[PDB]
Amino acid sequence: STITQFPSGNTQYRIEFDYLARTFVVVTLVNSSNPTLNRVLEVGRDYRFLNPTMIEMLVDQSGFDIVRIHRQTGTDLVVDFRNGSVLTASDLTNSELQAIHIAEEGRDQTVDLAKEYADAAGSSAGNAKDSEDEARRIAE
Amino acid sequence: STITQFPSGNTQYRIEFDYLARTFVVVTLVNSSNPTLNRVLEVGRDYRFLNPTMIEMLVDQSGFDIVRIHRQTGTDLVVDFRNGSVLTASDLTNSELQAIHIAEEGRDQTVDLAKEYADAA
Amino acid sequence: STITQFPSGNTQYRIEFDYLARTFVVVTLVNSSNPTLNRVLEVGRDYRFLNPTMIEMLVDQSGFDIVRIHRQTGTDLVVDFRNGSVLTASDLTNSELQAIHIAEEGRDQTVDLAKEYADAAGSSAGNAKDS
Amino acid sequence: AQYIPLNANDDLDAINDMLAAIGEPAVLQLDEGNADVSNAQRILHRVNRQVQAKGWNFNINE
Amino acid sequence: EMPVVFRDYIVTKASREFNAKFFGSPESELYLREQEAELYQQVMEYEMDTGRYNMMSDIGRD
Amino acid sequence: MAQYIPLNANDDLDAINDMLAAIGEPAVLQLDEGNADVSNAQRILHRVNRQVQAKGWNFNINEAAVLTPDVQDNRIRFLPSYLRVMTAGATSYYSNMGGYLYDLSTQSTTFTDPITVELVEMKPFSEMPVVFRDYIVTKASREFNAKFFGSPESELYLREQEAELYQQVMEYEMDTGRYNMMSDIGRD
Amino acid sequence: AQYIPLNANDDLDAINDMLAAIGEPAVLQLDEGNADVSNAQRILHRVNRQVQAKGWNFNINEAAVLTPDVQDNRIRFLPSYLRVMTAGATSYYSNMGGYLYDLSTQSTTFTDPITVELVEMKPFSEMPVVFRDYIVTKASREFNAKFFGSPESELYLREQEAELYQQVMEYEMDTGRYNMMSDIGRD
Amino acid sequence: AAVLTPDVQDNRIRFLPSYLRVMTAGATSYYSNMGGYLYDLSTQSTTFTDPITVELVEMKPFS
Amino acid sequence: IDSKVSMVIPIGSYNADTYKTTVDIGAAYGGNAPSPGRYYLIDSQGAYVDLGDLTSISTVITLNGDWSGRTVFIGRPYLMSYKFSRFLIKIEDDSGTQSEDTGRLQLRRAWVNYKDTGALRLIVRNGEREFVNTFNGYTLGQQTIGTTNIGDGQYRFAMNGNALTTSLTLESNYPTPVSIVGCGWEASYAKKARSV
Amino acid sequence: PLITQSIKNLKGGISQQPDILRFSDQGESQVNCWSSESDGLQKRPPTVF
Amino acid sequence: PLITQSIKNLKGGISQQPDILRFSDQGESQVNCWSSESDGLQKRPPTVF
């Protein structure tokens, strides 16, 4: 869910996930034929925000086919605990949310590379298994 | 771990791993010969809960041999925090356990399944 | 990163990643020609912790050409919360750091293990079919 | 997080809802109990028999 | 094995008697009455769609 | 948050917290089964949801649905998620007897070919439209207050709130379908 | 001697006004507080969401393009949507497993962009003034009723609420003209 | 009769907190605030290029 | 805790291989094994560990970490209990006690006032069911990081059932003080015949 | 409607008379407790070796 | 409506009992005060060198 792709050509696009800061959103142009020509865009000169869930493009989309938007959370801590201070709910909430988010991107990333090897190995294993053992048992 | 396989032709089954909510359990019937015949059951119509550890099957196992149970943790908050309430240890424990479980599953499951298939082959 | 490779035949080696306990780091030898040949060592009779960032061996062979060091974080609550105790910043920090470490750990070793198991199953299929 | 019930049975649920009117908690079984559980069943059976006898489109067999 | 609305209507009717004959509360009442009325009209509405009941049938000529 | 929708919200916990507010006490913070109030509230919420969903609206009624019989012994099961079974434009005689589909006109329980009927199925609470959720929550709060803790001022306001919400539900219902009457008429 | 406030925010003032009904003084921040501050925000948010969903002249957007992704043809159902309808016909749309469901075709396999009519949600501090006042009064009534049943703080909020409701009405009637004698002409 | 003009760098018009009502004299209007800027629901944009004329009501001191 | 005794861990600090330190608690109790039971180990800040069931055949324990050159406290815990009586309508004017014994009574809620309390539990048993409620010191938004929670306030919970079958109990076996002041209840009443 | 009642202080001990005749501040059992004069119920002090 | 109450005289001293049990004449702290019998609270007289 953290990775989304749309066809190129329009001027307005939507964001379909939650985020903690506006620096955790990345926009990239994609060329399917030659993946060595991708380019990254920067806020303030290529695109601008309108409302918390929708952006607008300001550049030329030529020679590209897909626009990709995904989330990338940072690793540094947000809340610092110190002895001799009052405990509040907001700190706990932010601390929990950061870890939950990071785990989300980790799983979503790893499953993609996992599945194809997994099911290829499984299918080959099963096909070999039955095609050999029943054939040999009928032969004997 | 987070995945288990059992022989077919039974009436009851047991859950060994841990979960935080009762909607995080997935049941699936397995055909050894052809993976494409796999089908996913659904709660209420096919199975029901007797105790927090055992389920009951209400469908017939006709052309299948393996029953597979695995866990998939959700992404919604289990514990929220608001000023003026009462704080105890179990809240913090669950708040940590959710984020631990997600990563553990996402790291282990596929490798465990590949190991199972290879050593069965 | 999380996985490190060093040549053998050296007296001193260093670790370049953080950890939460001394039982998480894993030390093993490696033989390139024989993938099966690697052997995993263990604490005490083979290596000792002089400095938190220093590792010193005790015995070294020659058939093994290189070494491997990587991290292995457990899935048990390091911190324990009980009624009638005190709360410290270190507990809250470590409880958060655990899952974070697990994330980039898996993000590294998963893909490498998957291919090895897959082509091992493929070789099993192959020799099962031909003989 | 849908509410998945444990060991659901219609009769036990009906008795439990009938008990909630006074303001007493639920029960787990019907084999043994106090007087109230033995007083609700008679009323439930009588009301069921009375209501079913009015005659509806899915009852009358010509 | 009866339809749902009938079961709810029966349960409400039974609860009214159970409250009336064993524990007289003035606030648990005054609510079951309106709930019963609503369930009654719902039952009638449900019953009316099972049959079509066209009065213009068996009539035809030039 | 303070400016916009809070992140990763849980609907059932919010509904329970709203239900407990009528009594006059703060949140519960975990939704555990150990506490007495949660178990009492959940049953009432489930019953109210099931009752309200069964009236029949324009987004529930599936006119054309196909049921298929079994192979070994010709029968059709009666799942507990069914709420109403009828026929499109004619009288129908369908009922449950022994856990299978019964036909009163024929007096048998042996269907041989797939049939088409009209039915309404159940959906989880979290996937209903907003106004329905608010209406259900207010209604359920009314019983919870009435049966377990009698307060004289929480009442006399929930009634007005319920009427106001009912009117809005009706207006929302009348907008999905245009319901033109002058159609299907044409001549010189 | 005009009154210039110090460090004004369009949310803290609403919270303070909602506390004024009981008869407690104001606060200076929303980070540390007792239960009341944690009890007012829930009601305020619920009332705002309920009121905004009725449908007005500045919410309704007749033209809007929803587009599918590229991998698995589907359309997501964000939690900020409030109403989904077709402009001049009948519609069968609903949410099933966080996706858009069409009852007519009984599938979730849209392949081309669709044009629909929907209403989205806006933050509290970007609405016209009368709406904000009406929402605050509505929230204050419930807050007083549920926790501290004073008999004199009431009997007045109703009188204010009726007047505010009226004003909202004639505010709505002026943005649009709605001339019935349109698209009519011949000799 | 009132005149509003956009700035130079970009093409936007600000929404001051002293505005109470914004409408068009003799027709239907679609104006609102989104992120402290003037929004036109008819065209679905916040990019005006020429000065426009509307009617509005502002605030005055109590005295 | 019971049978308290102070102690200072000697210079000898663990062993490099496993960095686990030994204590040998026998020295503290005059070079003698203590009586069998359960024992705790509270440090100078408040965090405590739970040792096993010490017998008379062993006096050596192992701790997790360095420790060394620190002050500790050892002892045993005991239990506190208190059971309420039945709740009835009582009228009393220093001349005599009159208890109403007519009608039916259903309970709704209850509350307890406390002062300088660390932890407590309340148990309700109606017919065959048990409900456990717990509270801990102050509430969220007033605590300070670094110390233990000891404060004041009020607690309200739910009591449902008939007034001739319900019972209430208090328990505590934590190393924190306890103090209770007052209590009360609410109910609904219904008769069928005027008195007098 | 609803009725209510409160108990001012808990200073009496246990009692074994039938429940109809007891006072308002006498309980049923009491183990390891101290009935102070101005602080209510407490826990008994510890013991030193 | 509105309710009210009044205190006739302040002659009691401080008290350390729980607030539910105190009288209406007893406060919480009292430093450098003189509780006369006909003039209420006052300030203590000075000292000469």
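List of remarks:
We call the chains A, B, C, D, E, F, G, H, I, J and K, going by the order they appear; numbering starts again at 1 in every chain.
FYI, contacts are C-beta pairs under 8 Å (C-beta built on N, C-alpha and C of every residue); 3 or more make two chains touch, one makes a residue touch a chain.
Least step count on the touch graph, chain H to chain K: 3. Inter-chain contacts peak for the pair I-J, counting C-beta pairs in contact.
One simple way to say how far apart two chains are is to compare their mean CA positions; for chain B and chain H this gives 56 Å.
For the pair chain C and chain J, the distance between C-alpha centroids works out to 61 Å.
Here the CA centre of chain J is 33 Å from the CA centre of chain K.
Shown for chain A are the residues that touch two or more other chains, namely 81-83, 86-89, 99-100, 103, 106, 110, 114, 117-118, 121, 125, 128-129. Counting only residues that touch two or more partner chains, chain J has 1-2, 8-9, 39-40.
Each of the following residues of chain H touches two or more other chains: 34-35.
Interface of chain I with chain K (complex): residues 115, 181-182.
The touching residues of chain J, when paired with chain I in their complex, are 1-10, 15, 19-24, 26-33, 39-43, 46-49. Only residues 10, 12-13, 36, 39-40, 42-43, 45-47, 93-95, 104, 107, 124-126, 147-148 of chain F touch chain D when the two sit together in their complex. Of all residues in chain H, only 20-21, 23, 27-35, 41, 44, 61-63 touch chain G in the complex they form.
By the touch rule above, chain F contacts chain A in their complex via residues 4, 7-8.
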